[PDB]
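Student: Here's a sequence, model it:
(chains A, B, C, D, E, F, G, H, I and J)
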Amino acid sequence: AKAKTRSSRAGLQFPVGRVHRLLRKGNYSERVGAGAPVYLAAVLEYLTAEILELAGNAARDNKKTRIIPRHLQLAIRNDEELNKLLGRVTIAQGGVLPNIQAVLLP
Amino acid sequence: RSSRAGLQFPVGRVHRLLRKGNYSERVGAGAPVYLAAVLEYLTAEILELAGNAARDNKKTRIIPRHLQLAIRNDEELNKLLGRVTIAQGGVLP
Amino acid sequence: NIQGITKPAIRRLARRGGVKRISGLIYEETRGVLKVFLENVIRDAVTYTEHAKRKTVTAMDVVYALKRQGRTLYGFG
Amino acid sequence: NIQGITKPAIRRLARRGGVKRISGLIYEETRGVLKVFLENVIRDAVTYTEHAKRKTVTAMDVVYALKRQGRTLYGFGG
Amino acid sequence: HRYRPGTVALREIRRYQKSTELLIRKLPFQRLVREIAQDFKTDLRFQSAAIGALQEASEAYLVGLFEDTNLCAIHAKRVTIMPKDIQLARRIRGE
Amino acid sequence: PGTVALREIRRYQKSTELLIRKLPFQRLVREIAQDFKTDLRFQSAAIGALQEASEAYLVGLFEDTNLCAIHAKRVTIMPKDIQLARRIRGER
Amino acid sequence: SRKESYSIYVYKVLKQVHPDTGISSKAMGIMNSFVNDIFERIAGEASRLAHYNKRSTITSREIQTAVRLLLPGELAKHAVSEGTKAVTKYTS
Amino acid sequence: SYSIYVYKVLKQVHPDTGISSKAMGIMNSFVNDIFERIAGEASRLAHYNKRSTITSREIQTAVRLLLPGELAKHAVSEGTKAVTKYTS
DNA sequence: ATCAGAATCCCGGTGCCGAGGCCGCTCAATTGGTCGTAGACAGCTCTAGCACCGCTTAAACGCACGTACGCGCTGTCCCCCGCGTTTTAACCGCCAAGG
DNA sequence: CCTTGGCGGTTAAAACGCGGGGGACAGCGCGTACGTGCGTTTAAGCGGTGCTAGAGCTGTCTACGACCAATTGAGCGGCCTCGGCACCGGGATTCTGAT
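Tutor: Numbering: from 1, shown residues only, chains lettered A, B, ... in the order given. Below is the structure in question.
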């Protein structure tokens, strides 16, 4: 019949077929379910969406139309749960959150 | 096997665990020999020191406390096991 | 039930940690900390327990949770 | 070349880290720390490079070294 | 002829650093664990070894934390640990 | 004293550019690497990765160091502070 | 030879959540790094889950449990919703 | 478990010394832990280089990555020595 | 209370490498047929554990009286900060030593 | 008459040199909660007693997974367009030192 992609069937933007292949050749298990790559692709897509949402918001706050690594850093660090998820991750060219000790201030 | 490699640790078992551990599609003949040798060596070092600790405390048997003392008083063993909790090991005085 | 972790017990733990003198406010603080820790481990542990379609938390569930928090525990395998 | 990590540069790094005032002995101390850090990462990186039978340290070798040292780095996988 | 302030504390430090027994009472720990666990998943049971594992882990964690806390207090030229010290230790740990 | 320091803090916390000079960092990396294996080459991105990682590390370290200094009722970070931070981190 | 990244999918998602927003190449590199990282975390945890339970198959259930272990709170719940909905729709 | 092998080793290094059940449990935990660290690292090494086979070379490199200093040198020596003897 | 001084943020004016879009080919995803071993379902035993209890007591908080720890301020001395002078950290475009 | 050395210099950034400012170390004096010895009422250690609960094992039934041949959608080479915000110079606003 006319081909329909697994991503299209799953209602996703992220590639289910590619994710499946990566699972198969990643030596994770002897067999893989069909639903596994669908689920995984969906989760990855969702997380990507949350981060791009916050980073885009940060980009608009700086009167900017293009997201840069700084915006990703602002997005991640000002979000408690993303900050937890990426607690051991370095964002290149992200810098740091503005934060000075109030006590130190004159 | 283990007799041929001059080891006490089970080469066959290590090989099997490698095969079924979802590590690679294939496993070379020398890999489990090497790995078994390394594990035996580390075990030997720790049992050496822990045994010495047991002698100091005048107990023939080795208890977790002796293992803790042995590991923490050895710099490299201590780094190797820096994120490990030994049950009933207590701490260094 | 958090009060079941009594002052003396906390003093004993601190002594093992080499502490000579202890503020009165420490104990409640410690309890909070302990609570958080437990909540973090047990959560993950139970997750494992439910994945195995079990109702009994095993020693291994705990070990896996601790391991995944980078709090590796020897002696309960 | 560790001295190439100048006082002003270290001062800038500390500023980003929120430091207002800096003892004179800090800089040398920092040079020590950084040195150690680099030694640990680069070592592993070179190990990867040597395992691949290459003579060129790649960005990925560094990324893998950082990852195994629990220093995950984003932005250089490309 | 009562002892000097700071002698029995030290003696206790020696004593408990020289031993390995669990320092928290079993039953209250058990009750606390089961209580916390009820808030995640219901009608749970526990192997005794599971609870024991939790207690070894918890006590090891608390002891290490108290070591670091002590270091913070000593850093501030004190001999007395305060909640402030614990909070510094936990912040630097990334907790 | 302090006003320009505060100014600098605001400035560098606002920006993301690398704070160590490129060429000397490059030299340091190649020197250290030369001590493990000789005649090594480097992708430019490899060195860039090393510098981003190193500066993020030092910056975080300086945050913790700052907290250690402030804890001791000081405003000036000292080697003691760095050593405490790194000890609690499990680096030493 | 062919080279692969998550770039176009990240872009599509970006256009979903911010129709008038673009993204630098470096930021895209960071997003690709992110996706690969979380992929390895989830797949790895699911592998361990399957092994612990003497199962030779990684299913959506392993993936779900792995998501619950790795992600905090609301992020986990929302991710679970997205995953479950995607699988239920896909099967139908 | 590795109990019988740990015991054998113990008898090699301390002929008149025994070991408690708990301590044995800790040794078993140890052996499994290091097994996973080394095998995991070797797996990643194989994947990075698009190799489908884990060989003694991956094991060795993994050991050099995971073990500190003298432990690494000696472990590497023992591994190579064992492979050489096995091969003979 | 106010009054003067360098640093900060946005506006005429604009361009150059960064970002986005057609044509199409070889690589990746889909369809199709054949084993084929794995998952959901269903039944059965009894052991590790759950909930309250008898005997016993170690033990956490409060009483009596006091002292070295914590802290704000004083007296002193003790270490960073700014502009002019340049230089080797570098990087470019011409002389003179053995074949 | 053909090869490859170091001063010479566009850019910009801090060791010396003199005047200036904010903070650490020890004591005065205050304020006080637990050290050490007891006194009381409660839940845990140890061992009993009743009981309801599902994990490992085995058999049914089912079906997508993996592997081996065609078939097709597509991401970037190769170009071909389209554009975002800092450099240049200037206007308007702001903490800090000084009266």
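
Student: Stretch A:95-106 close to DNA strand J?
Tutor: Yes: shown here: stretch A:95-106 in contact with DNA strand J (Cβ under 7 Å from any atom of the strand) through residue A:106. Every C-beta, even on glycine, is put in place using the N, C-alpha and C of the backbone.

Student: Quickly find the element holding the residue in chain G that chain F sits nearest to.
Tutor: The nearest approach of chain G to chain F comes at residue G:29, 10.0 Å away (Cβ to the nearest Cβ). Using DSSP states H and E, residue G:29 sits in helix G:25-52.

Student: Downstream of that helix, the next helix or strand is which one?
Tutor: Downstream of helix G:25-52, the first helix or strand assigned by DSSP H and E is strand G:57-58.

Student: In the helix holding residue G:29, which of the residues would be classed as buried?
Tutor: By 16 or more other Cβ atoms under 10 Å in any protein chain shown, the buried positions in helix G:25-52 come out as G:26-39, G:41-43, G:45-51.

Student: just stretch A:55-64 next, same as before
Tutor: Residues of stretch A:55-64 classed as buried by neighbour count (16+ other Cβ under 10 Å): A:55, A:56, A:57, A:58, A:59.

Student: What residues does chain C have near chain G?
Tutor: Within chain C, the positions adjacent to chain G are C:44, C:47, C:48, C:50, C:51, C:52, C:60, C:64, C:68 by Cβ under 8 Å from any Cβ of the partner chain.

Student: which residue sits closest to the residue of chain C found nearest chain D, ignoring its sequence neighbours?
Tutor: Residue nearest to chain D within chain C: residue C:70 (8.6 Å; Cβ to the nearest Cβ). Residue nearest to residue C:70 in three dimensions, not counting chain neighbours: residue B:83, with 5.6 Å by Cβ to Cβ, 6 or more residues apart in numbering or on different chains.

Student: Likewise for residue E:13?
Tutor: Spatially, and ignoring its direct neighbours in sequence, residue E:13 is nearest to residue C:15 (4.9 Å; Cβ to Cβ, 6+ apart).

Student: Over to the one you found. Which of the three states is it?
Tutor: helix (DSSP: H, G, I helix; E, B strand; the rest coil).

Student: Contact partners for it?
Tutor: Applying Cβ atoms under 8 Å, 6 or more residues apart in numbering or on different chains to residue C:15 gives the contacts E:9, E:12, E:13, E:15, E:16, E:17.

Student: Can you lay out the residues you listed as TSV showing distance to DNA strand J?
Tutor: Shown next, in TSV, are those (distance: Cβ to the nearest atom of the strand, whole Å):
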residue	distance to DNA strand J
E:9	6
E:12	10
E:13	12
E:15	14
E:16	15
E:17	18
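
Student: which one of these is nearest chain B?
Tutor: Closest approach between these and chain B, by Cβ to the nearest Cβ: residue E:17, at 4.7 Å.

Student: Next one: the residue lying closest to that closest one once chain neighbours are set aside from DNA strand I, what distance?
Tutor: Taking Cβ to Cβ, 6+ apart, and ignoring the residues beside it in sequence, residue E:17 has residue B:93 as its nearest neighbour in space, at 4.7 Å. As judged by Cβ to the nearest atom of the strand, to the nearest Å, residue B:93 and DNA strand I stand 22 Å apart.

Student: Among the buried residues of stretch A:55-64, which one lies nearest to chain D?
Tutor: Checking those one by one against chain D (Cβ to the nearest Cβ), the nearest turns out to be residue A:55, at 12.7 Å.

Student: Which of the helices or strands spans that closest one?
Tutor: Secondary structure from DSSP H and E places residue A:55 in helix A:35-61.

Student: Could I get the buried residue list for that helix?
Tutor: A:35-59.

Student: same question, stretch A:14-21
Tutor: Quick answer for stretch A:14-21 (16+ other Cβ under 10 Å): A:14, A:15, A:16, A:18, A:19, A:20.

Student: Give me the longest helix you can find in chain C.
Tutor: helix C:26-51 (DSSP state H).

Student: Tell me if that helix is near chain E.
Tutor: Yes: residues of helix C:26-51 contacting chain E under Cβ under 8 Å from any Cβ: C:26, C:29-30, C:33-35, C:37-39, C:41-43, C:45-46, C:49-50.

Student: Kindly state the neighbouring-residue count (a burial measure) for residue C:49.
Tutor: Using other Cβ atoms under 10 Å in any protein chain shown, residue C:49 has 27 neighbouring residues.

Student: Tell me how far it lies from chain G.
Tutor: 11 Å (Cβ to the nearest Cβ, to the nearest Å).

Student: Chain A versus that residue, what's the distance?
Tutor: Per Cβ to the nearest Cβ, residue C:49 is found 21 Å from chain A.

Student: so who does that residue touch?
Tutor: Contacts for residue C:49 were tallied using Cβ under 8 Å, 6+ apart; they are C:55, C:56, C:57, C:58, C:61, E:41, E:44.

Student: Report the two of the residues you listed separated the most.
Tutor: Spatial extent of the contacts of residue C:49 (Cβ to Cβ) is set by the pair C:58 and E:41 at 13.8 Å.

Student: between these two, which one's more packed in?
Tutor: Per other Cβ under 10 Å, whichever of residue C:58 and residue E:41 has more neighbours is residue C:58, with 20 against 16.

Student: And for the closest residue to that one other than its chain neighbours, the neighbour number?
Tutor: Spatial nearest neighbour of residue C:58, chain neighbours left out: residue E:47 (5.2 Å); criterion: Cβ to Cβ, 6+ apart. For residue E:47, the neighbour count with other Cβ under 10 Å is 16.

Student: one step back: my read: the residue nearest to residue E:17 touches residue E:14, true?
Tutor: Yes: Residue B:93 lies in contact with residue E:14 (Cβ atoms under 8 Å); the separation is 7.0 Å.

Student: ok, residue G:13 - contacts?
Tutor: A:13, A:14, A:45, A:48, A:49, A:52.

Student: Equivalent analysis for residue A:45, please.
Tutor: Applying Cβ under 8 Å, 6+ apart to residue A:45 gives the contacts A:12, A:13, A:14, G:9, G:13, G:82.

Student: how close does the residue nearest to the last one when sequence neighbours are not counted get to residue A:14?
Tutor: What that stands for is residue G:82. Computed as Cβ to Cβ, 6+ apart, the closest residue to residue G:82 that is not its neighbour in sequence is residue A:46, at 4.2 Å. From residue A:46 over to residue A:14 the distance is 9 Å, taken as Cβ to Cβ, to the nearest Å.

Student: Residue E:95 too?
Tutor: 33 Å.

Student: What of residue E:21?
Tutor: Distance, residue E:21 to residue A:14, by Cβ to Cβ: 53 Å.

Student: again with residue G:77
Tutor: For residue G:77, the distance to residue A:14 - Cβ to Cβ - is 20 Å.

Student: before we move on, what about residue A:96?
Tutor: Using Cβ to Cβ, residue A:96 is found at 31 Å from residue A:14.

Student: do residue G:32 as well
Tutor: Separation of residue G:32 from residue A:14 (Cβ to Cβ): 12 Å.

Student: Common neighbours of these two, please.
Tutor: By Cβ under 8 Å, 6+ apart, the residues touching both residue G:32 and residue A:14 are residue G:6.
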